Amino acid sequence: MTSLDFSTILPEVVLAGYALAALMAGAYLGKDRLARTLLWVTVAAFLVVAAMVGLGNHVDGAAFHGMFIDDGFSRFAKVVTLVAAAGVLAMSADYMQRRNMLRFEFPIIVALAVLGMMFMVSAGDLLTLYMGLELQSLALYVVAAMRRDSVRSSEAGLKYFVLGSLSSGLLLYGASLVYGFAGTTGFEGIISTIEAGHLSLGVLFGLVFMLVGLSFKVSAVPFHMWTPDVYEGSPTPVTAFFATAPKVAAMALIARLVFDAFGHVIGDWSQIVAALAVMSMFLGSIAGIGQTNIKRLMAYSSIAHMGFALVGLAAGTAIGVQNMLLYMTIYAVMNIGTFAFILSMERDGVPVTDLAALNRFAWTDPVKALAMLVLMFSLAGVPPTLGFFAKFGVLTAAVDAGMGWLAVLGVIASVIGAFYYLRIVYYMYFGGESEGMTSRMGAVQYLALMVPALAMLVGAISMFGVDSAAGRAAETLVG
Amino acid sequence: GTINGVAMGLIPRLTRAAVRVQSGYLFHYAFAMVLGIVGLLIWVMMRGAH
Amino acid sequence: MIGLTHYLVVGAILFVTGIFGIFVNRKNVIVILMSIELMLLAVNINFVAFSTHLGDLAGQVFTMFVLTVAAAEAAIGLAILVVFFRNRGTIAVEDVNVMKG
Amino acid sequence: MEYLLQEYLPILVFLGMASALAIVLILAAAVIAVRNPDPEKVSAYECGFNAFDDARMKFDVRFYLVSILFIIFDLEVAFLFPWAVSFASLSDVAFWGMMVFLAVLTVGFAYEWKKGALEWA
Ligand SMILES: [Ca+2]
């Protein structure tokens with residue numbers, strides 16, 4: 001550690017320092033009487049750290065013998081993760097208090113998970129990748145199971161823990177093979193050794209194990225079956241978190257690994273990523289048709305959308321990475337909007353999650369249904385929504401790389417998936433006899449629905465430089 | 001008959017298979033992950049070392 | 001003569017055994033926690049084997065951190081199992097099945 | 001390796017020797033003492049009256065949480081042994097890095113204590 005190393009990781013130290021101080025403040029000055037105050041200070045902390053990461057002048061570099069990489073790619077990913085995490089906490093604050101779920105440790109656990117994500121996207125070494133991933137994963141298991149009186153929370157944590165641990169073991173086994181072949185954990189050393197003429201079955205086995213281990217975290221098929229059960233079982237605020245911030249961090253990590261460690265064997269891993277993307281797009285679309293629980297529908301929506309994002313990465317190009325980044329940004333915005341509405345659903349003062357509760361909602365609350373309509377067409381990828389332009393970008397990358405067969409399959413699965421988004425619109429606007437679901441939203445939760453919904457249309461006019469920012473970020477990674 | 005047979009006969013039939021495979025049993029989900037790795041390893045082996 | 005391949009073979013056997021324990025167990029979630037520990041032990045055998053045969057300490061450093069996460073995983077795994085047992089009265093794998101579809 | 005042969009082979013040899021001594025002591029009575037088992041003799045002891053049940057029932061462990069924290073604290077102390085052995089050669093970062101590491105440990109320990117996790121359920 002030099003003073004230059006410490007400066008590079010300063011945003012991470014600031015977040016880590018806050019988490020420790022918040023833990024002591026909550027323990028010694030009121031415990032749950034500070035729970036509401038700690039949640040909102042955490043939201044400010046996430047935004048402050050994002051400002052440190054994203055604002056001012058930045059010069060790309062590395063710290064700690066290359067184990068930590070501070071480049072434009074990692075800065076793009078961190079900002080989206082932190083802002084998405086801040087959004088989920090802010091919009092869920094009222095819901096958790098009403099449901100007697102706001103422990104003063106919940107904001108802190110989320111903060112340490114985000115800290116793990118920040119080390120994931122800036123990994124320049126296999127050990128940094130692992131420690132960042134495991135700090136995030138352990139925090140995610142806890143919040144999945146934090147509704148103690150719910151057998152479904154306990155089962156969600158149990159399934160996530162067991163399958164997450166299995167994927168982590170596979171990731172470690174591949175990481176051990178890669179280290180044995182290359183003689184080092186640093187990616188700059190690894191990339192120089194993994195090249196066309198020297199790929200033994202052993203090192204190719206290592207890549208497969210690492211890829212499969214990571215593809216679990218983005219719910220790629222057939223490493224996806226945890227997602228529907230965990231999404232259903234966990235508290236809806238925790239489900240909203242799983243759907244936005246970890247997926248962005250995990251998707252960026254996969255791009256970091258395949259380009260900074262396996263960037264000279266693109267041909268080998270591009271085919272595997274494409275096969276994952278195909279299976280995820282069709283299963284997510286087909287399985288989503290059979291869902292009656294809205295939370296469980298969003299899991300299959302999540303799986304299908306990660307398949308599309310993987311199409312951009314399967315391209316193996318700077319444009320593919322640029323468009324994968326924009327896709328994840330737009331996907332996170334859409335999920336924040338949708339889960340803001342899902343949190344509000346309730347009948348007789350208790351939360352409700354079944355799709356039939358939406359019948360004729362458009363004639364109960366016109367503005368909220370109109371927002372939900374824009375989000376469903378945005379998730380379906382239909383113009384003029386910003387969700388369409390996300391799909392357009394990854395499809396552009398695929399065709400640009402001579403993978404039109406992947407683009408054709410991608411758009412076909414989109415048609416199947418469009419059915420269950422259309423069905424939600426059908427229920428709200430011309431559905432069957434209504435059972436009195438009401439949407440309870442405070443000011444913050446209300447803006448968590450409207451602003452993402454407005455962004456789906458305003459973004460169609462101007463992306464406000466985000467598309468250009470993603471291109472610069474992709475260049476620093478791919479080179 | 002063809003259009004409805006595909007849109008309303010086939011795709012729902014594939015939906016029911018997908019729902020069935022999501023059995024809810026933890027050991028089945030782990031089996032799927034192991035089948036995925038084993039299948040991918042078979043794919044890598046056929047391409048060979050190179 | 002014992003070379004690297006000997007240790008990798010032992011690692012592979014323990015690794016497959018630990019993976020096998022997860023997706024064949026039905027009656028006890030604690031035995032799954034034991035299988036996860038077998039799987040991570042197999043990983044450390046690889047890291048130590050590669051480390052000593054290369055003459056490098058990184059693999060041994062990696063092993064120390066795998067133990068750290070293994071300890072944290074066991075603590076959280078048992079804590080999650082405790083809350084399930086309280087809510088269900090059982091820890092059989094076949095009983096972690098309410099959510100499906 | 002010489003270090004293995006000179007220092008660790010004796011451990012393996014003595015492990016067998018100590019095992020042989022313990023086994024011979026058990027077999028001494030097994031071969032010499034009179035064996036005369038009957039159903040009352042081999043039944044379970046509960047102070048003269050028959051046991052209500054055997055000892056294969058669930059039992060609440062009121063120190064379960066402390067035992068989970070025992071696992072965590074075990075790994076924390078493990079990082080100190082290489083540090084203590086290397087103490088003479090430590091750099092300034094290596095020294096104060098441990099102090100930061102131990103400070104994070106103490107925050108966790110203060111959280112357990114204040115929460116009440118060290119009191120039995
Ligand atoms: Ca690169």
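Below, each value reflects all heavy atoms present in this structure, side chains not excepted, and no hydrogens, waters or symmetry copies. Below, chains carry the letters A, B, ... as their sequence lines are ordered, and counting in each starts from 1.
Partner A/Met441 forms a side chain to side chain contact (heavy atoms under 4.5 Å, CB included) with one of A/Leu343, A/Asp94, A/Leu449 and no other, that one being A/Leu449.
Taken to the nearest 0.5 Å, the CE atom of A/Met120 stands 8.5 Å off from the CD1 atom of A/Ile254. To the nearest 0.5 Å, the span separating CG on A/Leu138 from CD1 on C/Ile76 amounts to 4.0 Å.
Under the side-chain contact (heavy atoms from CB on, under 4.5 Å) criterion, C/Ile91 pairs with C/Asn28, C/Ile30, C/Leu81, C/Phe85, not counting sequence neighbours. With sequence neighbours excluded, the residues forming a side-chain contact (heavy atoms from CB on, under 4.5 Å) with A/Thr239 are A/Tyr231, A/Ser234, A/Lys295, A/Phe339, listed by chain and number. Remark: A/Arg36 engages no residue in a side chain to side chain donor-acceptor pair (under 3.5 Å) (not counting sequence neighbours). Scored by the side chain to side chain donor-acceptor pair (under 3.5 Å) test, A/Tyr18 finds A/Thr42 as partners (sequence neighbours excluded). Shown here are the salt bridge (charged side-chain N to carboxylate O under 4.0 Å, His left out) partners of A/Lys78, two or more places apart in sequence or in another chain: A/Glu12. Taking the side-chain contact (heavy atoms from CB on, under 4.5 Å) definition, one finds that A/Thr292 meets it with nothing, sequence neighbours left out. Take B/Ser23 and apply the side chain to side chain donor-acceptor pair (under 3.5 Å) test, not counting sequence neighbours, and it matches B/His28. With sequence neighbours left out, A/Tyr327 forms a side chain to side chain donor-acceptor pair (under 3.5 Å) with A/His305, A/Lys391. Legend: residues meeting side-chain contact (heavy atoms from CB on, under 4.5 Å) with A/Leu39, ordered by chain and number and at least two apart, are A/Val43, A/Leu89, A/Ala93, A/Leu102, A/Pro107.
Side chain of A/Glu155 to backbone of C/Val98: a donor-acceptor contact under 3.5 angstrom is found. One N or O on the side chain of A/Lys159 and one on the backbone of C/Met99 form a donor-acceptor pair closer than 3.5 Å.
Screening residues 130-148 of chain A for side chain to side chain donor-acceptor pair (under 3.5 Å), with sequence neighbours left out, gives A/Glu134-A/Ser168. Listed by first then second residue, pairs satisfying side chain to side chain donor-acceptor pair (under 3.5 Å) with a partner in residues 76-94 of chain C read A/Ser154-C/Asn87, C/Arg86-D/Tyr64, C/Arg88-C/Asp95, not counting sequence neighbours. Applying the ring pair (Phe, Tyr, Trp, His ring centres under 6.0 Å) test to every pair with at least one member in residues 101-123 of chain A, sequence neighbours left out, gives these pairs: A/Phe68-A/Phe119.
The minimum heavy-atom distance linking A/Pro237 with A/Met101 is given by the pair CD-CE, 4.3 Å. Smallest separation of non-hydrogen atoms from A/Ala332 and A/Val248: CB-CG2, 4.2 Å. Here the closest non-hydrogen pair linking A/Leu166 and B/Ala30 is CD2-CB, 3.9 Å. Heavy-atom minimum distance, A/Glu105 versus D/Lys115: OE2-NZ, 3.1 Å. Scanning all heavy atoms of the two residues, the minimum distance from C/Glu73 to A/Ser165 falls at OE1-OG, 3.2 Å. Here the closest heavy-atom approach between residue A/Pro452 and residue A/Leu447 is recorded as CD-O, 3.5 Å.
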Would A/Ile342 and A/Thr338 count as a side-chain contact (heavy atoms from CB on, under 4.5 Å) here? Give the steps. CA-CA 6 Å; A/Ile342 292 163; A/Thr338 312; 3.9 Å; yes
*asked:* salt bridge (charged side-chain N to carboxylate O under 4.0 Å, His left out), that's the test. Do A/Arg75 and A/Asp70 meet it? Break it down for me.
replied: CA-CA 7 Å; A/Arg75 282 194 305 269; A/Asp70 180 342; 2.8 Å; yes
Query - Test log, rule side-chain contact (heavy atoms from CB on, under 4.5 Å), inputs C/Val96 and B/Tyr25 - result: CA-CA 7 Å; C/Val96 198; B/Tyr25 289 111; over 6 Å; no
Worked check of ring pair (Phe, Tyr, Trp, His ring centres under 6.0 Å) between C/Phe23 and B/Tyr29: CA-CA 8 Å; C/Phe23 70 74; B/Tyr29 300 174; over 10 Å; no
*Steps toward side-chain contact (heavy atoms from CB on, under 4.5 Å) verdict (A/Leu325, A/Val80)*: CA-CA 10 Å; A/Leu325 280 178; A/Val80 170; over 6 Å; no
Problem - Audit row: A/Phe46, A/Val83, side-chain contact (heavy atoms from CB on, under 4.5 Å) steps and yes/no - result: CA-CA 7 Å; A/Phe46 285 165; A/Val83 180; over 6 Å; no
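A donor-acceptor contact closer than 3.5 angstrom links the side chains of A/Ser344 and A/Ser439.
Between A/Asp229 and A/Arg296 there is a salt bridge, with a side-chain nitrogen of the basic residue lying less than 4.0 Å from a carboxylate oxygen of the acidic one.
For the pair A/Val88/A/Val110, no side-chain contact is recorded, criterion being any heavy-atom separation below 4.5 Å from C-beta on.
In this structure, A/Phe361 has its ring center closer than 6.0 angstrom to the ring center of A/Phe341.
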